[PDB]
């Protein structure tokens, strides 16, 4: 049993992950694979962490998940240099995700979520 908000967050997450077929952002970045990461990025974020916050009913709004998604992309553009594959992939994923999490779409979900209460 999940709330209408949780299920909306899940379908949004499914579409966001559709824009990352390489699974660069599926799991947390470790210092082992990216040395000094924990010293450079103060608020790490990834898809699996966001999915756990959905599962635990941590998000009170779609905008909070939108904030976490922007943070995950921004983190990769801080740690990685502009020509790297990870920077370019985060740049493109952020732009694609902002179209998915547009105000127009958040609108429609808020009303249907409200109508199920």
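Positions refer to the first chain, counted from 1. So that the term is clear: the rigid core is the largest set of C-alpha atoms that superpose within 1.5 Å between two forms.
- Once the rigid core is used to overlay the structures in 7 other deposited structures of this protein, the stretch among 19-27 and 100-108 whose CA atoms lie farther from this form is 100-108.
- In this entry, 50-58 shows the higher mean Cα temperature factor of the pair 50-58 and 70-78.
- Note on 25-33 vs 84-92: mean CA B-factor is higher in 25-33.
- Remark: residue 8 belongs to the middle third of its chain, ranked by C-alpha B-factor as recorded.
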